[PDB]
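Input: a single structure, listed below in structure tokens.
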Ligand SMILES: Nc1ncnc2c1ncn2[C@@H]1O[C@H](COP(=O)(O)OP(=O)(O)OC[C@H]2O[C@H](O)[C@H](O)[C@@H]2O)[C@@H](O)[C@H]1O
Ligand SMILES: Nc1ncnc2c1ncn2[C@@H]1O[C@H](COP(=O)(O)OP(=O)(O)OC[C@H]2O[C@H](O)[C@H](O)[C@@H]2O)[C@@H](O)[C@H]1O
Ligand SMILES: NC(=O)c1cccnc1
Ligand code: NA
Ligand SMILES: [Zn+2]
Ligand SMILES: [Zn+2]
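Protein chains in written order, with PDB author numbering: chain A, 55 to 355; chain B, 55 to 355.
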């Protein structure tokens, strides 16, 4: 076992990142990286989306993003979907920190569970990204025998006119290519995962509860020696086993046991943790300038 | 990734089982092995328990075995629990096939998700068994500061008098030691798993949909060369990944891809699968005689 972190702290991760041994970083992110932009997450008590769906009278909150429920009752999704489209929000410091990794030749990939497109808006390119839970950008008829594609405009025209979008070929429901419970993830997820996780030197895990598979499996795909830094409000991925746990057995993070050797939890807001890390790396001013600049460009156009 | 089976069929598995190399077999079983005895499973459409709880007016079927739901509403579980006490049923051909494994010195362990006790009734002893999802035999006070134990008869008195079991010391609920969603599994599950899977030569997986963690992780604990035979009505543990899948990524079975090298799916009744296997091993007659005698002995008592 190569012990790559000289200590299990942000400072130790930063020293590692500056070494020659840290060539390729994979970011794994979720909704907590966009809450500072004004987008609520899913599972935060009271504020998260799943605590705010009472008006839809769902059997349980996740039903609104579940394919089998959606086929029986598509209306609640499509009413909610008016709010989901991007462009009223700017990327956060955390998004720009990932941009900085790209520009420093350190970003192997950002795997995102989010559909707000803020990674792209912050300037990560298509090849840098795996939008693991899909995209609002395109839509598809739900029938396996048809799968006719529809573009954003056709879906928007339907979403904002409150017309439940039906496919013109087979009259089956049509939906944005956001991944619902029960649906296949994009092929790109699996093909990038296969090669990426053979060669990652650091995993940065930000703003995710790690409560859904297969995304939560990604942390167990890195080599055993690859350090893993979590920047998040709460410890995630570290949990005693129990019946119904999400993670596979032994598949989680070990921050606190007597055997912990490579996992670090920095607890706080993602923006603050990225500033803190950037400071340690000597990038803080560069990062603040990038944010200031890019926020200004956005306000222009 | 070493290939031990000469072909990916029940015949190949039988031959491997006859080789010198097959010394230690672990069985991983669920409720499908007890349906032919008259005990419904959980997840089969129409017949399974989860499709038959309407009268309890549950938010979702699993709530009846969910620890936080239980504490708030214990009445539905205790009403259902009359049907649940083990006794009226006899072990199946499958259970006796495992008895034969024990008596031929091949059975390293049977890991069961069932609480029906049929494995013990068929003659498996405590040491051969990991009752992964607990047992009715003992009951405990739910309060973690107290943990008073109550014997079966005390729980039955309470069950059948239709008073909700209360701890005599601290007045918290008392619960049979079956594992609910959100509860930890028995300590034995983990201690046995740590050592059992180091040198197992064959996994036999029978009568389970592999839809619950951490039990579902067990198949991935075996070394990569250990073959795995599924005897089940349907394929389980093989899927394209999808959002909300139970298995961690690549932690499942691969019966059908072109990389398939060690997993075999025999689809049908567990009883029939075990008879077909017994036949190919030359144990068919011994199995049938054991079943008849044992059924005869139970009828007698
Ligand atoms: N500003 C912040 N800084 C740091 N951590 C934060 C912040 N805001 C929230 N958190 C933490 O951020 C985490 C947010 O966790 P979840 O809300 O489950 O979002 P996901 O992206 O993991 O959800 C994954 C999928 O589940 C859905 O079904 C969709 O399919 C999603 O794609 C929590 O630990 C918060 O404490
Ligand atoms: N006679 C049969 N022969 C062969 N296969 C069968 C038969 N009967 C049913 N099957 C298959 O047997 C499987 C039954 O699968 P599930 O009903 O999910 O039972 P589990 O033991 O895996 O449930 C695990 C836990 O979930 C609960 O919450 C409790 O915690 C349980 O302990 C299916 O694939 C059937 O097609
Ligand atoms: N940031 C996001 O992708 C998102 C989408 C829907 C709900 N909450 C968060
Ligand atoms: Na984002
Ligand atoms: Zn169609
Ligand atoms: Zn007590």
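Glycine included, every Cβ here is placed at the ideal spot set by N, Cα and C.
In the structure shown, residue 338 of chain B adopts helical secondary structure according to DSSP, grouped into three states.
The criterion of a C-beta distance shorter than 8 Å is satisfied by residue 219 of chain A and residue 228 of chain A. Counting the other CB atoms within 10 Å of its CB gives residue 57 of chain B a total below 16, which places it among the exposed residues.
Taking 8 Å as the CB threshold, residue 294 of chain B lines the interface with chain A. Using beta-carbon distances, residue 305 of chain B counts as an interface residue toward chain A, with a partner under 8 Å. In this structure, residue 292 of chain B and residue 307 of chain B form a Cβ contact; the two beta carbons are roughly 5 Å apart against a cut-off of 8 Å. Secondary structure of residue 65 of chain A (DSSP, three-state): helix. For residue 246 of chain B, the enclosing alpha helix (DSSP H) has its first and last residue at 241 to 250. Counting along the chain, residue 151 of chain B sits inside the alpha helix (DSSP H) bounded by residues 147 to 157.
Residue-level contact check: residue 150 of chain A does not touch chain B, since none of the beta carbons of chain B fall below 8 Å from its beta carbon.
Screening all residues for a C-beta within a distance smaller than 6 Å of any heavy atom in ligand 4 leaves A:87, A:88, A:166, A:168, A:170, A:172, A:173, in chain order. Annotated three-state conformation of residue 193 of chain A is strand, per DSSP.
In the three-state reduction of the DSSP assignment, residue 126 of chain A falls in the helix class, which pools H, G and I.
Not one beta carbon of chain B lies nearer than 8 Å to the beta carbon of residue 318 of chain A. Our two residues, residue 114 of chain B and residue 107 of chain A, have alpha carbons roughly 17 Å apart in a direct line.
Apart from sequence neighbours up to five positions away, the residues of its chain that approach residue 63 of chain A with a beta-carbon distance below 8 Å are 318, ordered along the chain. No Cβ of chain B is located within less than 8 Å of the beta carbon of residue 312 of chain A. The residue from A:154, A:174, A:78, A:125 with its alpha-carbon nearest to that of residue 352 of chain A is A:174. Within the same chain, 151, 338, 341 come within 7 Å of residue 332 of chain B by CB-CB distance, once the 5 residues on both sides are set aside.
Residues of chain B with a Cβ closer than 7 Å to the Cβ of residue 274 of chain A are, in chain order, 302. Judged by DSSP secondary structure, residue 260 of chain B falls outside any alpha helix (DSSP H) and instead within the beta strand (DSSP E) spanning 256 to 260. Taking a C-beta cut-off of 9 Å against chain B, the contacting residues of the stretch 225 to 255 of chain A are 233, 234, 235, 236, 237, 238, 239, 243, 244, 247, listed in chain order. Close to residue 165 of chain A, with beta-carbon spacing below 7 Å, lies no residue of chain B; the smallest spacing is near 12 Å.
Residue 242 of chain B has its Cβ no nearer than 7 Å to any heavy atom of ligand 2.
Between residue 79 of chain A and residue 70 of chain B, the alpha-carbon positions lie close to 44 Å from each other. By the 16-neighbour rule on beta-carbons within 10 angstroms, residue 149 of chain A is buried. Under the 8 Å criterion on CB atoms, residue 264 of chain A is classed as non-interfacial with respect to chain B. Residue 296 of chain B and residue 156 of chain B have their C-alpha atoms some 38 Å from each other. Distance from the C-beta of residue 202 of chain A to the nearest heavy atom of ligand 5 is below 7 Å.
Between ligand 6 and the CB of residue 193 of chain B, the shortest heavy atom gap is not smaller than 7 Å. Contact of residue 271 of chain B with chain A by beta-carbon distance below 8 Å involves 302, 303, 304, 305. Taking 8 Å as the upper bound on Cβ-Cβ separation, chain A lies near residues 187 of the stretch 175 to 209 of chain B. Listed by position along chain A, the residues whose Cβ is nearer than 8 Å to that of residue 299 of chain B are 267, 268. For residue 113 of chain A, the nearest CB of chain B lies under 8 Å from its own CB, placing it at the interface with that chain. By the criterion of a C-beta distance shorter than 8 Å, residue 276 of chain B is surrounded in its chain by 80, 251, 254, 257, 282, once the five residues flanking it on both sides are discounted. A direct Cα-Cα distance of roughly 18 Å separates residue 247 of chain A from residue 311 of chain B.
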